[PDB]
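Participant: Sharing protein.cif (mmCIF, C-alpha atoms and all ligand atoms) below.
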data_target
#
loop_
_atom_site.group_PDB
_atom_site.id
_atom_site.type_symbol
_atom_site.label_atom_id
_atom_site.label_comp_id
_atom_site.auth_asym_id
_atom_site.auth_seq_id
_atom_site.Cartn_x
_atom_site.Cartn_y
_atom_site.Cartn_z
ATOM 1 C CA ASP A 280 67.872 -58.337 203.166
ATOM 2 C CA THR A 281 66.836 -54.659 202.763
ATOM 3 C CA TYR A 282 68.882 -51.500 201.927
ATOM 4 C CA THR A 283 68.611 -47.706 201.667
ATOM 5 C CA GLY A 284 68.049 -46.403 198.140
ATOM 6 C CA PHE A 285 66.451 -43.616 196.120
ATOM 7 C CA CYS A 286 62.768 -43.406 195.437
ATOM 8 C CA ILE A 287 60.100 -41.116 194.158
ATOM 9 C CA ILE A 288 57.527 -40.295 196.761
ATOM 10 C CA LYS A 289 54.203 -38.558 196.311
ATOM 11 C CA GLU A 290 53.486 -35.989 198.948
ATOM 12 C CA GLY A 291 51.290 -38.157 201.121
ATOM 13 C CA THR A 292 48.271 -36.739 202.929
ATOM 14 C CA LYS A 293 48.002 -36.751 206.748
ATOM 15 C CA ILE A 294 46.782 -39.667 208.870
ATOM 16 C CA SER A 295 43.991 -39.754 211.456
ATOM 17 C CA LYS A 296 45.690 -39.951 214.842
ATOM 18 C CA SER A 297 42.398 -41.203 216.369
ATOM 19 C CA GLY A 298 43.441 -44.801 217.079
ATOM 20 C CA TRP A 299 46.956 -43.820 218.184
ATOM 21 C CA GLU A 300 48.601 -44.276 221.576
ATOM 22 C CA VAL A 301 52.064 -43.299 222.867
ATOM 23 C CA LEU A 302 53.249 -46.425 224.628
ATOM 24 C CA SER A 303 56.375 -45.002 226.315
ATOM 25 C CA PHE A 304 58.237 -41.728 226.938
ATOM 26 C CA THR A 305 61.360 -40.606 228.751
ATOM 27 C CA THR A 306 59.669 -37.551 230.264
ATOM 28 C CA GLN A 307 56.620 -35.264 230.433
ATOM 29 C CA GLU A 308 55.230 -32.439 232.562
ATOM 30 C CA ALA A 309 52.203 -33.717 234.493
ATOM 31 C CA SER A 310 51.610 -30.446 236.416
ATOM 32 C CA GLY A 311 53.915 -27.510 235.678
ATOM 33 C CA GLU A 312 52.059 -26.420 232.559
ATOM 34 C CA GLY A 313 48.351 -27.246 232.526
ATOM 35 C CA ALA A 314 46.570 -29.938 234.503
ATOM 36 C CA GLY A 315 45.511 -31.505 231.198
ATOM 37 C CA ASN A 316 48.582 -30.452 229.324
ATOM 38 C CA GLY A 317 52.325 -30.968 228.924
ATOM 39 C CA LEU A 318 51.713 -34.688 228.775
ATOM 40 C CA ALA A 319 53.304 -36.966 226.195
ATOM 41 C CA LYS A 320 49.797 -37.841 224.910
ATOM 42 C CA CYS A 321 49.390 -34.169 223.892
ATOM 43 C CA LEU A 322 51.811 -34.851 221.075
ATOM 44 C CA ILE A 323 49.161 -36.913 219.228
ATOM 45 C CA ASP A 324 45.790 -35.665 220.451
ATOM 46 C CA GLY A 325 44.629 -33.399 217.596
ATOM 47 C CA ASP A 326 44.596 -30.432 219.988
ATOM 48 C CA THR A 327 46.744 -27.372 219.101
ATOM 49 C CA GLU A 328 46.494 -25.923 222.580
ATOM 50 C CA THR A 329 47.892 -29.090 224.139
ATOM 51 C CA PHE A 330 51.635 -29.655 223.988
ATOM 52 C CA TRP A 331 54.072 -32.120 225.452
ATOM 53 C CA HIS A 332 56.691 -30.455 227.637
ATOM 54 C CA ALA A 333 59.614 -32.304 229.175
ATOM 55 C CA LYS A 334 59.401 -32.525 233.002
ATOM 56 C CA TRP A 335 60.636 -29.256 234.483
ATOM 57 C CA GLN A 336 58.699 -28.510 237.613
ATOM 58 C CA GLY A 337 60.111 -30.221 240.765
ATOM 59 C CA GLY A 338 62.786 -32.133 238.833
ATOM 60 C CA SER A 339 63.872 -32.636 235.224
ATOM 61 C CA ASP A 340 65.225 -35.579 233.249
ATOM 62 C CA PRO A 341 68.677 -35.763 231.623
ATOM 63 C CA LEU A 342 68.652 -35.954 227.828
ATOM 64 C CA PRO A 343 67.993 -37.838 225.594
ATOM 65 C CA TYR A 344 64.187 -37.843 225.639
ATOM 66 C CA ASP A 345 62.112 -40.023 223.448
ATOM 67 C CA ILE A 346 58.492 -40.863 222.744
ATOM 68 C CA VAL A 347 57.382 -44.026 220.940
ATOM 69 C CA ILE A 348 53.982 -43.845 219.286
ATOM 70 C CA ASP A 349 52.007 -46.907 218.247
ATOM 71 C CA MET A 350 50.190 -46.236 215.029
ATOM 72 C CA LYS A 351 47.586 -48.975 215.070
ATOM 73 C CA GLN A 352 48.108 -49.375 211.304
ATOM 74 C CA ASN A 353 50.961 -50.297 208.977
ATOM 75 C CA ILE A 354 51.737 -47.105 207.145
ATOM 76 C CA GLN A 355 54.129 -45.950 204.424
ATOM 77 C CA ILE A 356 55.547 -42.862 206.146
ATOM 78 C CA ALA A 357 56.412 -40.069 203.707
ATOM 79 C CA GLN A 358 56.808 -36.981 205.898
ATOM 80 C CA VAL A 359 56.729 -36.162 209.603
ATOM 81 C CA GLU A 360 55.356 -32.856 210.856
ATOM 82 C CA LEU A 361 56.040 -31.185 214.196
ATOM 83 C CA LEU A 362 54.072 -28.252 215.508
ATOM 84 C CA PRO A 363 56.516 -26.395 217.844
ATOM 85 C CA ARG A 364 55.329 -24.491 220.924
ATOM 86 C CA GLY A 365 56.220 -21.241 219.114
ATOM 87 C CA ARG A 366 54.710 -17.828 219.938
ATOM 88 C CA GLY A 367 57.969 -16.454 221.393
ATOM 89 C CA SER A 368 58.328 -19.300 223.916
ATOM 90 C CA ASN A 369 61.661 -20.558 225.192
ATOM 91 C CA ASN A 370 61.807 -23.885 223.408
ATOM 92 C CA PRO A 371 65.514 -24.400 222.649
ATOM 93 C CA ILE A 372 65.246 -27.749 220.841
ATOM 94 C CA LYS A 373 67.832 -27.633 218.071
ATOM 95 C CA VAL A 374 67.943 -31.203 216.803
ATOM 96 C CA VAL A 375 65.253 -33.908 216.735
ATOM 97 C CA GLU A 376 65.579 -37.505 215.531
ATOM 98 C CA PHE A 377 63.003 -39.873 214.088
ATOM 99 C CA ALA A 378 63.142 -43.618 213.966
ATOM 100 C CA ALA A 379 60.435 -46.128 213.024
ATOM 101 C CA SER A 380 59.518 -49.840 213.274
ATOM 102 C CA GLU A 381 57.055 -52.562 212.158
ATOM 103 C CA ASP A 382 57.477 -54.519 215.397
ATOM 104 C CA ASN A 383 58.273 -52.653 218.598
ATOM 105 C CA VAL A 384 61.739 -54.295 218.772
ATOM 106 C CA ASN A 385 63.843 -53.456 215.674
ATOM 107 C CA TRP A 386 64.223 -49.771 214.782
ATOM 108 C CA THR A 387 65.500 -48.151 211.568
ATOM 109 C CA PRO A 388 66.458 -44.464 211.895
ATOM 110 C CA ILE A 389 64.570 -42.325 209.340
ATOM 111 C CA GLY A 390 66.301 -38.986 209.707
ATOM 112 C CA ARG A 391 67.939 -36.398 211.888
ATOM 113 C CA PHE A 392 66.716 -32.880 211.464
ATOM 114 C CA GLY A 393 67.239 -29.323 212.608
ATOM 115 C CA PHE A 394 64.479 -27.836 214.736
ATOM 116 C CA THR A 395 63.253 -24.194 214.780
ATOM 117 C CA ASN A 396 60.729 -22.773 217.197
ATOM 118 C CA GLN A 397 58.522 -21.271 214.467
ATOM 119 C CA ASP A 398 54.744 -20.857 214.897
ATOM 120 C CA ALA A 399 54.173 -22.538 211.517
ATOM 121 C CA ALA A 400 54.551 -26.379 211.419
ATOM 122 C CA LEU A 401 57.806 -28.197 210.692
ATOM 123 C CA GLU A 402 57.764 -30.418 207.618
ATOM 124 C CA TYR A 403 60.428 -33.119 207.820
ATOM 125 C CA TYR A 404 61.251 -35.144 204.763
ATOM 126 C CA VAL A 405 62.039 -38.429 206.522
ATOM 127 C CA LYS A 406 63.271 -41.608 204.813
ATOM 128 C CA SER A 407 60.071 -43.206 203.631
ATOM 129 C CA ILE A 408 59.298 -46.569 205.193
ATOM 130 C CA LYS A 409 56.532 -49.008 205.987
ATOM 131 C CA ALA A 410 56.071 -48.749 209.761
ATOM 132 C CA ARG A 411 53.614 -49.154 212.635
ATOM 133 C CA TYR A 412 55.705 -47.332 215.254
ATOM 134 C CA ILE A 413 57.418 -43.937 215.110
ATOM 135 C CA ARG A 414 59.772 -42.770 217.791
ATOM 136 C CA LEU A 415 60.413 -39.088 218.217
ATOM 137 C CA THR A 416 63.654 -38.706 220.076
ATOM 138 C CA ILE A 417 65.530 -35.604 221.227
ATOM 139 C CA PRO A 418 69.223 -36.562 221.246
ATOM 140 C CA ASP A 419 71.904 -35.632 223.816
ATOM 141 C CA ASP A 420 74.226 -34.211 221.141
ATOM 142 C CA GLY A 421 72.421 -31.518 219.246
ATOM 143 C CA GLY A 422 73.113 -28.736 221.646
ATOM 144 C CA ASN A 423 69.617 -29.676 222.809
ATOM 145 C CA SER A 424 68.277 -28.558 226.202
ATOM 146 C CA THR A 425 66.129 -30.031 228.979
ATOM 147 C CA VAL A 426 63.535 -27.519 227.855
ATOM 148 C CA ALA A 427 61.598 -29.099 224.983
ATOM 149 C CA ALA A 428 57.934 -28.654 224.044
ATOM 150 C CA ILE A 429 55.931 -29.799 221.021
ATOM 151 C CA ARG A 430 52.245 -29.157 220.245
ATOM 152 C CA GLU A 431 51.645 -31.910 217.719
ATOM 153 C CA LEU A 432 53.393 -34.610 215.767
ATOM 154 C CA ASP A 433 51.691 -35.748 212.535
ATOM 155 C CA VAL A 434 52.584 -38.333 209.896
ATOM 156 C CA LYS A 435 51.915 -37.799 206.199
ATOM 157 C CA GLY A 436 51.751 -40.995 204.140
ATOM 158 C CA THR A 437 49.423 -43.661 202.765
ATOM 159 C CA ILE A 438 47.698 -46.615 204.397
ATOM 160 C CA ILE A 439 49.375 -49.849 203.305
ATOM 161 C CA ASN A 440 46.914 -52.401 204.740
HETATM 162 ZN ZN ZN A 501 48.383 -31.169 221.066
#
Using structure tokens, write down the structure that the file contains.
Ligand SMILES: [Zn+2]
Facilitator:
Amino acid sequence: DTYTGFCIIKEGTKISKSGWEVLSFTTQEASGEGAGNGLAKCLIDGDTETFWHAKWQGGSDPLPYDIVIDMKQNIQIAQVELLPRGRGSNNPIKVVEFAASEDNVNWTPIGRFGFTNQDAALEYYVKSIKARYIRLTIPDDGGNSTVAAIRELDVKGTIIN
């Protein structure tokens, strides 16, 4: 049975999010923002201008919020990157959490990190693992808010298949 230990890790290059597909999410804004924007799928679309925003117009969802992404490939995750909405926006996310999985059923948490609404992208040194599914979650215990928006999520690593 496996365990959590030390490791050297190169600084893996990014992955093509072309094949990808979010297969579930707690919440998204299907109108409020743009009419092609705010969606969960914006998180992984390669478009800077698109962002996911939690539902806010006409109702909102209680925290926590998560988004599970199917990476079509088995990948050795090394970093995770989040492009925040930034540009002075009210985006009071304070804590995000990442988990990951080879099959959609058993998850291992790969880190809990502080969030900052900087324009520049957020490099997160997750716990490296072999995984096909990452789950971005926004916990109900960070001092997080029902306002949460993210332009892009990327995964730096190497193809292990
Ligand atoms: Zn986007």
Participant: Distance limit 9 Å, reference ligand ZN 501 (chain A), atoms considered: only C-alpha atoms and all ligand atoms. Which residues make the cut? Give them as a VMD selection string.
Facilitator: chain A and resid 316 to 317 320 to 331 362 429 to 432
Participant: Evaluate the PyMOL selection byres (((chain A and resi 434) around 10) and not hetatm) against this structure - the residues, as a count of residues only, please.
Facilitator: 23
Participant: Can you work out the spacing between CA of residue 344 in chain A and CA of residue 398 in chain A in Å, to one decimal?
Facilitator: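 One can read the CA of residue 344 in chain A to CA of residue 398 in chain A distance as 22.2 Å.
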Participant: Show me as a PDB file with C-alpha atoms, keeping the file's coordinate frame the residues that reach within 8 Å of (58.0, -31.4, 229.3), counting only C-alpha atoms and using the file's own coordinates.
Facilitator:
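part.pdb, freshly written:
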ATOM      1  CA  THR A 306      59.669 -37.551 230.264  1.00  0.00           C
ATOM      2  CA  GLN A 307      56.620 -35.264 230.433  1.00  0.00           C
ATOM      3  CA  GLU A 308      55.230 -32.439 232.562  1.00  0.00           C
ATOM      4  CA  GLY A 317      52.325 -30.968 228.924  1.00  0.00           C
ATOM      5  CA  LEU A 318      51.713 -34.688 228.775  1.00  0.00           C
ATOM      6  CA  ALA A 319      53.304 -36.966 226.195  1.00  0.00           C
ATOM      7  CA  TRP A 331      54.072 -32.120 225.452  1.00  0.00           C
ATOM      8  CA  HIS A 332      56.691 -30.455 227.637  1.00  0.00           C
ATOM      9  CA  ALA A 333      59.614 -32.304 229.175  1.00  0.00           C
ATOM     10  CA  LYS A 334      59.401 -32.525 233.002  1.00  0.00           C
ATOM     11  CA  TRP A 335      60.636 -29.256 234.483  1.00  0.00           C
ATOM     12  CA  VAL A 426      63.535 -27.519 227.855  1.00  0.00           C
ATOM     13  CA  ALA A 427      61.598 -29.099 224.983  1.00  0.00           C
ATOM     14  CA  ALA A 428      57.934 -28.654 224.044  1.00  0.00           C
TER      15      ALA A 428
END
Participant: Identify all residues satisfying the PyMOL selection byres (((chain A and resi 281) around 12) and not hetatm) in the given file; provide them as a list in words.
Facilitator: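 The output of the PyMOL selection byres (((chain A and resi 281) around 12) and not hetatm) on this file is residues 280, 282, 283, 284, 387 and 408 of chain A.
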Participant: Give me, as a list in words, all polymer residues having an atom no more than 6 Å from residue 301 in chain A, counting only C-alpha atoms and skipping those fewer than 5 positions away in the same chain.
Facilitator: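 Close residues of residue 301 in chain A: residues 347, 348 and 349 of chain A.
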Participant: Work out how far CA of residue 425 in chain A is from CA of residue 339 in chain A, in Å to one decimal.
Facilitator: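 We find that CA of residue 339 in chain A and CA of residue 425 in chain A lie 7.1 Å from each other.
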Participant: Please determine, counting all atoms listed in the file, which residue among A:336, A:286, A:390, A:346 has the shortest atom-to-atom distance to residue 313 in chain A.
Facilitator: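 Looking at the shortest contact to residue 313 in chain A, the residue is A:336.
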Participant: Looking at only C-alpha atoms, which of A:299, A:424, A:388, A:406 is the one that sits closest to residue 370 in chain A?
Facilitator: A:424
Participant: Skipping near chain neighbours, those fewer than 6 positions away, what residues fall within 10 Å of residue 419 in chain A using all atoms listed in the file, listed as a list in words?
Facilitator: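 These residues fall inside the cut-off: residues 341, 342, 343, 344, 374, 375 and 425 of chain A.
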Participant: Ranking A:303, A:353, A:416, A:396 by minimum distance to residue 378 in chain A and counting all atoms listed in the file, which one comes first?
Facilitator: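 Answer, going by the shortest atom-to-atom distance: A:416.
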Participant: Take CA of residue 392 in chain A and CA of residue 298 in chain A and report the distance between them in Å, one decimal.
Facilitator: 26.7 Å
Participant: Which residues come within 12 Å of residue 385 in chain A, counting all atoms listed in the file, excluding same-chain residues fewer than 3 positions away, as a PDB file with C-alpha atoms, in the frame of the given file?
Facilitator:
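This went into part_29.pdb:
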ATOM      1  CA  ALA A 378      63.142 -43.618 213.966  1.00  0.00           C
ATOM      2  CA  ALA A 379      60.435 -46.128 213.024  1.00  0.00           C
ATOM      3  CA  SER A 380      59.518 -49.840 213.274  1.00  0.00           C
ATOM      4  CA  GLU A 381      57.055 -52.562 212.158  1.00  0.00           C
ATOM      5  CA  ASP A 382      57.477 -54.519 215.397  1.00  0.00           C
ATOM      6  CA  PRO A 388      66.458 -44.464 211.895  1.00  0.00           C
ATOM      7  CA  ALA A 410      56.071 -48.749 209.761  1.00  0.00           C
ATOM      8  CA  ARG A 411      53.614 -49.154 212.635  1.00  0.00           C
ATOM      9  CA  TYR A 412      55.705 -47.332 215.254  1.00  0.00           C
ATOM     10  CA  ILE A 413      57.418 -43.937 215.110  1.00  0.00           C
ATOM     11  CA  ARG A 414      59.772 -42.770 217.791  1.00  0.00           C
TER      12      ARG A 414
END
Participant: Return as JSON the box centre and box size in Å, one decimal, for an axis-aligned box around all listed atoms of range 322-337 of chain A padded by 4 Å per side.
Facilitator:
{"center_x": 52.6, "center_y": -31.4, "center_z": 229.2, "size_x": 24.0, "size_y": 19.0, "size_z": 31.2}
Participant: Here is a test: counting all atoms listed in the file, which residue of A:415, A:401, A:302, A:372 is nearest to residue 389 in chain A?
Facilitator: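 Counting all atoms listed in the file, the residue closest to residue 389 in chain A is A:415.
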Participant: Using all atoms listed in the file, find the one residue out of A:391, A:315, A:404, A:440 that sits nearest to residue 351 in chain A.
Facilitator: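 Answer, going by the shortest atom-to-atom distance: A:440.
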